[PDB]
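Just one chain is shown here, as structure tokens, and it is the form solved without 2'-deoxyadenosine 5'-triphosphate (DTP).
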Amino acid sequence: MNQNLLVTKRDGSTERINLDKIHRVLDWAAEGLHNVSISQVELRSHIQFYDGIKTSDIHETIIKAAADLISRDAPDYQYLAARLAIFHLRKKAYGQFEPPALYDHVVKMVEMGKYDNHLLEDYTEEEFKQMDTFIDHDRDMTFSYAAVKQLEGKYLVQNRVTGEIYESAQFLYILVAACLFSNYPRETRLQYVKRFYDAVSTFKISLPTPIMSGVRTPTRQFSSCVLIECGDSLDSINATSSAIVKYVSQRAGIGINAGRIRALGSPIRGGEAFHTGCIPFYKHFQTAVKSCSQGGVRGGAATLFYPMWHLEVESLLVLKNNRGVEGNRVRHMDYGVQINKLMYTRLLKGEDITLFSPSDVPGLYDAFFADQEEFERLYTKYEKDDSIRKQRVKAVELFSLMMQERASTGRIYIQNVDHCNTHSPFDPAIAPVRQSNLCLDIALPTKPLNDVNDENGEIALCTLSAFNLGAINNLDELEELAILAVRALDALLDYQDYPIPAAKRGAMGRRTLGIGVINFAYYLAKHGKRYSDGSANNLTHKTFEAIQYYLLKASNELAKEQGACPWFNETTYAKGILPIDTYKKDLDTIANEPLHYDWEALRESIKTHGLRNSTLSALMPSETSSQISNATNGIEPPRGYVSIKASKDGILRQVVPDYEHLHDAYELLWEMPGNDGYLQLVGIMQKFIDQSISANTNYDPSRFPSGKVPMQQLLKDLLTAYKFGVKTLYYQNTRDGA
């Protein structure tokens, strides 16, 4: 008759219940949302309250209650839940809802060793006072629950033992800004910090996880992926391996080119025993890749590339096929099969494909990537020469074998090596592109190492970022954003540390960046286009010309200011060649949109003052970044309207952006009748992209007689992709609802 319910506080222990405090907080969180029942939430959580429960559990419980009502039909629960979680997270880090002033926060964090001390060196208290005036902690209210789950899970600075969270998303953004523009002239430094801060807090520009979790802290390791090229020698094999180990110990995705390793049977090169072949070494790279992961299998990912005509290609192609002898399988690494014009022509004419160990055909490997003419000449030449060890395979058998394996595992990727060299930012004769990275979006020059510390080797890196096509109003907002993206990344290049000499060489030499988009799908839904009918062709053309033009304008602008990258002379850019001059011709047949930009003015501006960065665009996939922004992933159509994630904290649901008004506008992944629509769009994007795009092929067995995908369809799609100049092909998904 005074039946209370004692809440317990952070060692302040006992106290009565405050069900009106709670309601106030809920009420607040609900402000502006539509279709959310505060009572419903209260009922669901009050029922699990027990007499001496700590306050932190009252919050988790109201948070989960809200999260569990998220649905297609009631999507504002995602904000109600996030807002509660944000509120809780404030109290958890600061003891109040109101964040401490920035200077005080930074000072306390530097004493605690959670923020780099250089922050206080590079900026004055008055400078921090001013940044604080740019900050808007109410943007914390725009995150969706899944977004807060990710920030909380892997962005915000915290203690991973105790669980203690030390910061709010706005301090993350403001300090990422500050660190990246810390070396700017006092004259412009803070205007840049503010402009970027705004761009990232309002989700216009997304940034990779290592960057958002680390810049501001004492580390200097921000690598997401590297590209190493193995020479045909124990020294290189050793170096390659060494390099992989250092790089996976920093969580980087690895893309390895082991195409030149000579084939099984070849003669000993004075002490180097490659009699045994590629596989034993591949195994060795796999163990290197997995050296710093959980069981010896969990975590650490790589993709290994090799020419289609390699002598052991038929053994290589079935490396992840589970039914087979243990010794002849390297299952936990994806492969990237490298193909060019001549290979496909042999398929089309039903002729043979000749396998050869690279060791035995002088000049063939290089020609393969850099000069098709010459490749054709040496190829036919060596076919005829009977001194040369070789093997003949029916091109149809070889192609189907590879498509088959690509079909089953989903992880046998294609790389059109002529397309990456005839349509690239680089000169193939001096710095050809002979491999991709883990997710087949990166395409840069690499040189083999002779020792881990070899200064004449080159390792390519992933320096990434992305435009939210869902958060810009017109494409002319991309000029400001290109500036801010390019400048921040370029700064990062000098900010971070390089574990291997050859990886420093590549970054400082070519300053290569890979900026792409996210939210494509939602962008097309708001403009009433679809992926599979070809209705989005000109819009895509318009959107990717604007992205590329402004990126080049921003980089050109930057070279003016601070000088072109040291090896700018090895680019086609240097010679007055533009992406619009070398794209694959057939594109002309599927899109008429005219260039809206002065490419000729920029051509000269580029020839004259050069480019800060040798590459600027690359369309990578993005789960995390996309989630924080509540956006569809990179350029992929959504699988369905609500996507589910698991957690220790219950089921996380996230509804596609503006489902309310665009459910009929979206074209879900399995609603596309086939791949042509999408492959065209990828081809159009590739006109302007410097690097590559992680494109997927998707098949639904329901759509085929007897539930079997014809090898004909698989080859036709493959050839469709090559015909519209697609550089790479990534995942292949099979199924009809996920």
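When you see a residue number, it is the position in the sequence shown, counting from 1.
What comes next is about the form solved in complex with 2'-deoxyadenosine 5'-triphosphate (DTP), which does not appear here.
| task | State yes or no: in the entry with it bound, is some non-hydrogen atom of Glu480 no more than 4.5 angstroms from a non-hydrogen atom of 2'-deoxyadenosine 5'-triphosphate (DTP)? | result | It does not: once 2'-deoxyadenosine 5'-triphosphate (DTP) is placed as it appears in the entry with it bound, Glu480 has no heavy atom within 4.5 Å of it.
| query | Taking heavy atoms and a 4.5 Å cut-off, does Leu475 contact 2'-deoxyadenosine 5'-triphosphate (DTP) in the entry with it bound? | reply | Although 2'-deoxyadenosine 5'-triphosphate (DTP) is absent here, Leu475 would stay clear of it in the entry with it bound, with no heavy atoms inside 4.5 Å.
| request: Report whether the minimum heavy atom distance between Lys381 and 2'-deoxyadenosine 5'-triphosphate (DTP) in the entry with it bound is within 4.5 Å. | output: Judged by the heavy-atom cut-off of 4.5 Å, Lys381 is well away from 2'-deoxyadenosine 5'-triphosphate (DTP) in the entry with it bound.
| query | With the partner left out of view, is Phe281 within 4.5 angstroms of 2'-deoxyadenosine 5'-triphosphate (DTP) in the entry with it bound by any non-hydrogen atom? | reply | Heavy-atom contact with 2'-deoxyadenosine 5'-triphosphate (DTP) at 4.5 Å: present for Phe281.
| message | I need to confirm a contact call. Of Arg262, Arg487, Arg653, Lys204, which residue comes within 4.5 Å of 2'-deoxyadenosine 5'-triphosphate (DTP) in the entry with it bound, counting heavy atoms only? | response | None of the others qualify; the residue that does is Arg262.
| query | Looking at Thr124, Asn456, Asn592, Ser249, which has any heavy atom no more than 4.5 Å from 2'-deoxyadenosine 5'-triphosphate (DTP) in the entry with it bound? | reply | The residue in contact is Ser249.
| query | Taking the partner as it appears in the entry with it bound, which of 490 to 498, 664 to 672, 600 to 608, 264 to 272 has residues with heavy atoms within 4.5 Å of 2'-deoxyadenosine 5'-triphosphate (DTP)? | reply | Stretch with heavy atoms near the partner: 264 to 272.
| task | Note that 2'-deoxyadenosine 5'-triphosphate (DTP) is not shown here; using its position in the entry with it bound, name the residues of 218 to 248 with a heavy atom within 4.5 Å of it, in sequence order. | result | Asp232, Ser233, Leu234, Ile237, in sequence order.
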